[PDB]
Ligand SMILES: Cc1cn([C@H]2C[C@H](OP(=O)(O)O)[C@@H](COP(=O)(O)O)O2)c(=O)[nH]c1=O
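Quick setup: one chain, the form deposited without thymidine-3',5'-diphosphate, written in structure tokens, and binding and motion questions come after.
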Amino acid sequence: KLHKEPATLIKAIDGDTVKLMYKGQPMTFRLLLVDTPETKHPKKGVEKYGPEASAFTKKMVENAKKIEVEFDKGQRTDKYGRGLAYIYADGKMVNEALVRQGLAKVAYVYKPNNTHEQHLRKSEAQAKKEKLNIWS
């Protein structure tokens, strides 16, 4: 059973990356299972909907009373040392909110880090059918 743990915002970095204080340590978190357009893209740079995805994540975490992180059942960090997690702002999953708004796509999935995959894919299908943002 996945469980939530408290964390404290340090800084939002991009639509898909936030820095948190977790168990007393500053750590960079990559949001599991989603890909947002990025502002800091290794190759392209500032893609379309990038600033928008990044403002959405920022606002959502900055205006929360409580931030919680939820690790999945597989690896908890990636090769860059970033935490891999579902992030919740007052009970609401940020990863899902992005996809529901057409501001992220469901990423390529790697088992067993895929507990909320079907739920995200259902929100993605609704945002596509609603032709929101990325899907417009």
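So that there is no doubt, residue numbering starts at 1 and follows the sequence shown.
- Here 42 to 50 and 28 to 36 are compared by their mean Cα B-factor, and 42 to 50 comes out higher.
- The mean Cα B-factor in the deposited entry runs higher for 105 to 113 than for the other of 63 to 71 and 105 to 113.
- Among the modelled residues of its chain, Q126 has a C-alpha B-factor that falls in the middle third, as given in the PDB entry.
- Placement of the Cα temperature factor of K92 within the chain: lowest third of the modelled residues, per the deposited record.
- Per-chain ranking of the deposited C-alpha B factor places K79 in the highest third.
The following text describes the form solved in complex with thymidine-3',5'-diphosphate, which does not appear among the structures shown.
- Within 4.5 Å of thymidine-3',5'-diphosphate in the deposited complex, a heavy atom is found for not a single one of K4, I10 and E68.
- Contact check for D35: a heavy atom falls within 4.5 Å of thymidine-3',5'-diphosphate in the deposited complex.
- Not displayed here, thymidine-3',5'-diphosphate is kept clear of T115 by more than 4.5 Å at the level of heavy atoms in the deposited complex.
- By the criterion of a heavy atom within 4.5 Å, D16 is counted among the residues contacting thymidine-3',5'-diphosphate in the deposited complex.
- Among heavy atoms of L31, some come within 4.5 Å of thymidine-3',5'-diphosphate in the deposited complex.
- Note on contacts: among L84, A64, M27, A55, the single residue with a heavy atom within 4.5 Å of thymidine-3',5'-diphosphate in the deposited complex is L84.
- Residues in 113 to 136 all lack a heavy atom within 4.5 Å of thymidine-3',5'-diphosphate in the deposited complex.
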